[PDB]
2 protein chains.
Amino acid sequence: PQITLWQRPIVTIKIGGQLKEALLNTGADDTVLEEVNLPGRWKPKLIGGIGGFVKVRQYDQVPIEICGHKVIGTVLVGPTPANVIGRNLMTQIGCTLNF
Amino acid sequence: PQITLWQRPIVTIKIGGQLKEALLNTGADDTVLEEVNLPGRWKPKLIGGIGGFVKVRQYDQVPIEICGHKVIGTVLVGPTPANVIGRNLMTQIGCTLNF
Ligand code: NA
Ligand code: NA
């Protein structure tokens with residue numbers, strides 16, 4: 001797709017057998033989603049940092065689908081004010097900024 | 001330009017007679033810049049909100065140039081961990097996400 005930016009670029013993702021909404025966020029290094037159950041091994045990761053860090057679970061090589069594009073990448077699962085698709089998954093779907 | 005997302009999309013902007021660096025951030029509604037002096041009238045704006053709000057100065061209709069694109073838009077001036085170009089100025093330069 002071509003997504004303009006007059007509104008927040010919220011898209012549907014498919015992951016963990018669920019449909020979720022998440023913000024395409026070029027200001028986010030990583031993808032962080034709340035309330036998804038992913039299988040298998042994970043490792044703790046500290047994110048944030050201003051005022052302290054938040055611990056999340058890092059899952060690697062997770063299959064996820066974003067607007068018809070099936071890709072694989074790291075998903076952080078943990079509390080987040082809003083679900084976020086970061087640059088790590090945008091590179092996998094071939095998402096660019098253009099002007 | 002076509003900007004990939006393997007690295008943070010930091011661009012140079014010209015504003016308030018200075019060259020500054022700022023992040024193209026589709027997850028930010030607004031543009032917030034630190035240590036720029038803009039002339040004329042402004043009004044306070046509260047931004048943020050998680051744990052409390054931050055007060056900044058809102059300047060309207062500010063001329064700013066982003067990668068040689070001269071546009072006009074609102075600039076918030078105040079403390080920010082990183083300078084950010086939000087969606088308000090990305091729409092003015094005709095920036096879209098594409099995949
Ligand atoms: Na990844
Ligand atoms: Na604006």
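Sequence lines set the chain letters: A, B, ... in the order given, protein chains first and strands last, and positions in each chain run from 1. Scope of the values below: all heavy atoms of this structure, side chains included, with no hydrogens, waters or symmetry mates.
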### Query
Residues of residues 9-19 of chain A under 4.5 Å from chain B (heavy atom pairs)?
A:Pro9
### Contacting moiety of B:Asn88, where chain A heavy atoms sit under 4.5 Å
neither
### Query
If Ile, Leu, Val, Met, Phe, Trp and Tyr residues are connected whenever their side-chain heavy atoms lie under 4.5 Å apart, and connections chain through other members, are A:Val56 and A:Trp42 in the same group?
no
### Query
Same hydrophobic cluster for A:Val75 and A:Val32, using side-chain heavy-atom links shorter than 4.5 Å among ILVMFWY?
no
### Task
Tell me, out of B:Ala28, B:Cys67, B:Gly94, B:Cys95, who's got the most heavy-atom pairs with chain A below 4.5 Å.
B:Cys95
### Task
Could you have a look at A:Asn25, A:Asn98, A:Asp29, A:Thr91 and say which one has the most heavy-atom pairs with chain B under 4.5 angstrom?
A:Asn98
### Query
Are B:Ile47 and B:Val36 joined in one hydrophobic group, where the rule is that I, L, V, M, F, W and Y side chains link up if heavy atoms are under 4.5 Å apart?
no
### Message
Looking at B:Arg8, I want to see if its CZ is surrounded by more than 12 non-hydrogen atoms of other residues, nucleotides or ligands under 6.0 Å.
### Response
no
### Spatial distance of atom CD1 (B:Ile3) from atom OG1 (A:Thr26) [nearest 0.5 Å]
9.0 Å
#### Entry: Straight-line distance of A:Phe99 CZ to B:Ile66 CD1, nearest 0.5 Å
6.5 Å
#### Entry: Engaged part of B:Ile93 at the chain A interface, taking heavy atoms whose separation is under 4.5 Å
both
### Task
Could you look at B:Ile50 and say if it's the side chain, the backbone, both or neither that has a heavy atom under 4.5 Å from chain A?
side chain
### Query
Quick check: are there more than 12 heavy atoms from other residues, nucleotides or ligands sitting under 6.0 Å from CD of A:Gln7?
no
#### Entry: chain B contacts, top residue of A:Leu23, A:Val84, A:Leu24 (heavy-atom pairs, under 4.5 Å)
A:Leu24
## Note on the structure
d(B:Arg87 CZ, A:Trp6 CH2) to nearest 0.5 Å is 10.5 Å
### Query
Looking at B:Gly27, B:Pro81, B:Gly51, B:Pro1, which one has more heavy-atom pairs under 4.5 Å with chain A than the rest?
B:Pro1
### Message
Are A:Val77 and A:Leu89 linked, directly or through intermediate hydrophobic residues, by side-chain heavy-atom contacts shorter than 4.5 Å (ILVMFWY only)?
### Response
yes
#### Entry: A:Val54-A:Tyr59 co-clustered via ILVMFWY side chain contacts under 4.5 Å
no
### Query
Looking at A:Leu5, A:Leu97, A:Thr4, A:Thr96, which one forms a side chain to side chain contact (heavy atoms under 4.5 Å, CB included) with B:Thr96?
A:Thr4
